[PDB]
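So the protein sequences, as listed, match chains Y and E.
If you count by this note's numbering, then the first sequence holds residues 342 to 574, one letter each, in order.
If you count by this note's numbering, then the second sequence holds residues 243 to 474, one letter each, in order.
For every residue, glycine included, the Cβ atom is placed at its ideal position computed from N, Cα and C.
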Amino acid sequence: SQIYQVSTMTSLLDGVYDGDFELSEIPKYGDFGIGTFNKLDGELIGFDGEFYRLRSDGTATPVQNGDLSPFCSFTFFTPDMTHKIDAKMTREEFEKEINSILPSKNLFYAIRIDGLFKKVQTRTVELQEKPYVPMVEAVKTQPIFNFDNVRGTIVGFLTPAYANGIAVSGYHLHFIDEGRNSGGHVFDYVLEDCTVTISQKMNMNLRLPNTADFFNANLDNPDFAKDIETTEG
Amino acid sequence: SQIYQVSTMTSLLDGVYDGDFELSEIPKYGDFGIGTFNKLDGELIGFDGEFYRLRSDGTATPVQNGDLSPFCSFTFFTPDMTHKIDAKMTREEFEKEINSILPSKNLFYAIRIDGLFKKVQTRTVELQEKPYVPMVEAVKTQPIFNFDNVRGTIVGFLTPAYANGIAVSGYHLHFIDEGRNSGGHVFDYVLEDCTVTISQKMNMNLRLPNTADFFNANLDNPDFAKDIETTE
Ligand SMILES: [Zn+2]
Ligand SMILES: [Zn+2]
């Protein structure tokens, strides 16, 4: 019952985009997860043991041995709660509904939503070149995609506020379409005909990078929570 | 290479003093650690695989099966950096020196200081009766112990700021005297003739309690950082 957390969101804010975590190791830690890749070269998403790199060119590439990440989160997803949604529901209404059925706001959850969405809006981070800029700068020109009447899967994690800055507190969701070509990090969505599954997690295992970039990063950011809202909302 | 973290400091602040973590399980998770016991019935300290409950009655009781904790931290201590301190050094001077030799402020460390202390000041949290008050209120009358010219051991953890509220950011140290009777959570100390050892840790595993008390706790506390300074 664990979320395996690779590095911290505050390190990613500081422009630490080169990690040492080998994505070839994913099956040791989960069959489900999200994150990004070294150099912010695309969005990571996976479930049922199949992971993808989604880039702003509208392609999904399989995760391949040699791929590395500075920030990602995994779990072995088990469906502890299931809920059907058969009528239009906005993101706000959805968070309210899910929050109402969780056993506690103080635990970690993995969430999956499969089905038809009236709308999903995503962004996809793009490959950065050294010298790296802070992520609030990096995302300023991030590509934003609007999908209508789209079928696919949203996966992610629900993180309690005490963990903000390690992970993203609240709902952190990525999307991939039924065709497995397009999607990214989710900003907004409207559900139409979906099955929601939730997996409750009682442990969070944080793995720090053994890199000079992490060791030497200045992670004192008094405004980290606002910066996380800017980059992830 | 992990710190095993049982529950959060923010839940302790909120009066979640009854945990479900069985202290008999310690050997799975470390040979070294600090924290407290259910009901805040004493301070937990251990190293070299030997753990104690230090109570405000000036006794130390070995940990037994059936002992439970709402908050504690463990690791298998591996010396990575060892230094002799052979002259008087205040707490402030010590922290400055240790901070200057750490490879990164972004990692977790375990720390041990053994030897002769000119002074140590500790507190020992005391058993609370339900319904539980917040920790800032529960430590208002906390028992304080003062030690002078004492041999013993300080152990604990240095925690990066990004983990504050899960654990105590900065230095969190507990003490036990050579006689194994007395000590507690450290507020101040002056070294005299000591050896310091540090163990670097790259992983932190947070284990949450399976209790209604934790599940139902209101852990929104905008002022948690100040409250941790107050209690610790
Ligand atoms: Zn994301
Ligand atoms: Zn303490």
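Under 7 Å Cβ-Cβ, which residues of chain C neighbour residue 511 (chain Y)?
Although the question refers to chain C, the structure presented lacks it and instead comprises the protein chains Y and E.
Would you check if there are 3 or more beta carbon pairs closer than 8 Å linking the segment 398–414 of chain E to the segment 371–384 of chain E?
no
Between the C-alpha atoms of residue 377 (chain Y) and residue 435 (chain Y), what's the straight-line distance to the nearest angstrom?
25 Å
Within 9 Å of any Cβ in chain E, is that where the Cβ of residue 421 (chain Y) sits?
no
Run the proximity test for residue 391 (chain Y): is its beta-carbon closer than 8 Å to any non-hydrogen atom belonging to ligand 2?
no
Which same chain residues end up closer than 7 Å to residue 284 (chain Y) when comparing Cβ atoms and leaving out the 5 residues on each side of it in sequence?
Shown here, chain Y extends from 342 to 574; a query on residue 284 (chain Y) therefore has no answer.
Can you list, in chain order, the residues of its chain with a C-beta nearer than 8 Å to that of residue 349 (chain E)? Leave out the 5 residues immediately preceding and following it.
Answer for residue 349 (chain E): 402, 442, 443 and 444, listed in chain order.
Who are the near neighbours of residue 384 (chain Y) in its chain, counting only those whose CB is closer than 7 Å to its CB and skipping five residues on each side?
377, 395, 465, 466, 515, 525 and 526
Closer than 8 Å to a non-hydrogen atom of ligand 1 - does that hold for the CB of residue 375 (chain Y)?
yes
Output, in sequence order along the chain, the residues in the segment 390–421 of chain E whose CB is closer than 8 Å to any CB in chain Y.
402, 403, 404, 405, 407 and 408
Closer than 8 Å: is that where the CB of residue 526 (chain Y) sits relative to any heavy atom of ligand 1?
Residue 526 (chain Y) Cβ: within cutoff of ligand 1.
State the CB to CB distance for the pair residue 324 (chain E) and residue 437 (chain E), rounded to an integer number of angstroms; the pair is presumed to be in contact (CB under 8 Å).
7 Å
Residues of chain E with CB under 7 Å from residue 558 (chain Y), in chain order?
Within chain E, the residues placing a beta-carbon under 7 Å from that of residue 558 (chain Y) are 348, ordered along the chain.
Assign residue 467 (chain E) to one of two classes, buried (16 or more other C-beta atoms within 10 Å of its C-beta) or exposed (fewer than that).
exposed
On the criterion of 16 or more Cβ atoms from any shown chain inside 10 Å, does residue 250 (chain E) qualify as buried, or is it exposed?
Buried, by the Cβ-count rule.
Where are the beta strand (DSSP E) runs, 3 residues long or more, that stay fully inside the segment 468–526 of chain Y, in chain order?
List check, beta strand (DSSP E) in window: 485–500 and 511–518.
Do residue 354 (chain Y) and residue 572 (chain Y) count as a contact pair if the criterion is CB distance below 9 Å?
Their beta carbons are under 9 Å apart, which means residue 572 (chain Y) touches residue 354 (chain Y) by this criterion.
I'd like to confirm something about residue 471 (chain E): is its beta-carbon nearer than 8 Å to some heavy atom of ligand 2, or not?
Result no, Cβ not under 8 Å from ligand 2.
Any idea which residues DSSP pairs residue 381 (chain Y) with across the strands?
DSSP, once it has assigned bridges, lists no residue as partnering residue 381 (chain Y).
Taking the alpha carbon of residue 482 (chain Y) as the point to measure from, which residue in Y:346, Y:344, Y:397 and Y:362 has its own alpha carbon closest?
Y:397
Could you check which residue in E:302, E:398 and E:440 has the C-alpha nearest to that of residue 276 (chain E)?
E:398
So, with DSSP's three-state summary, where would you put residue 345 (chain E)?
Of the three classes helix, strand and coil, the one that applies to residue 345 (chain E) here is coil, per DSSP.
Beta carbon of residue 400 (chain E), beta carbon of residue 413 (chain E): below 9 Å?
yes
Decide if residue 405 (chain Y) is buried, meaning its Cβ has at least 16 other Cβ atoms within 10 Å, or exposed.
exposed
So, is residue 522 (chain Y) buried or exposed, given that buried needs 16 or more other C-beta atoms within 10 angstroms?
exposed
Measure the beta-carbon distance from residue 244 (chain E) to residue 449 (chain E) and round it to whole angstroms, keeping in mind my assumption that it falls under 8 Å.
Their Cβ separation, rounded to whole angstroms, is 11 Å, which puts residue 244 (chain E) and residue 449 (chain E) out of contact at 8 Å.
Does the beta carbon of residue 440 (chain Y) come closer than 9 Å to any beta carbon on chain E?
It does not: the Cβ of residue 440 (chain Y) has no partner Cβ on chain E nearer than 9 Å.
If you draw a straight line from the C-alpha of residue 262 (chain E) to the C-alpha of residue 462 (chain E), how long is it?
22 Å
Any Cβ of chain E within less than 9 Å of the Cβ of residue 352 (chain Y)?
So yes, residue 352 (chain Y) belongs to the interface.
Evaluate residue 394 (chain E) with the Cβ neighbour count: other Cβ atoms within 10 Å of its Cβ, from every protein chain shown; 16 or more gives buried, anything less gives exposed.
buried
Kindly indicate which residue of Y:366, Y:410 and Y:367 has the alpha-carbon position closest to the one of residue 352 (chain Y).
Y:410
Taking Cβ-Cβ distances shorter than 7 Å, what residues in chain Y pair up with residue 446 (chain E)?
Ordered by position in chain Y, the residues that pass the 7 Å Cβ test against residue 446 (chain E) are 547.
Quick one: which chain Y residues come within Cβ less than 7 Å of residue 456 (chain E)?
447
State yes or no: is the C-beta of residue 285 (chain E) nearer than 8 Å to some heavy atom of ligand 4?
Only ligand 1 and ligand 2 can be found as ligands here, which leaves ligand 4 out of the picture.
Given residue 329 (chain E), which residues of its chain have a CB within under 7 Å of its CB, disregarding the five upstream and five downstream residues?
none
If you check the beta carbons only, do residue 289 (chain E) and residue 309 (chain E) fall under 9 Å apart?
Result no, Cβ atoms of residue 289 (chain E) and residue 309 (chain E) do not sit closer than 9 Å.
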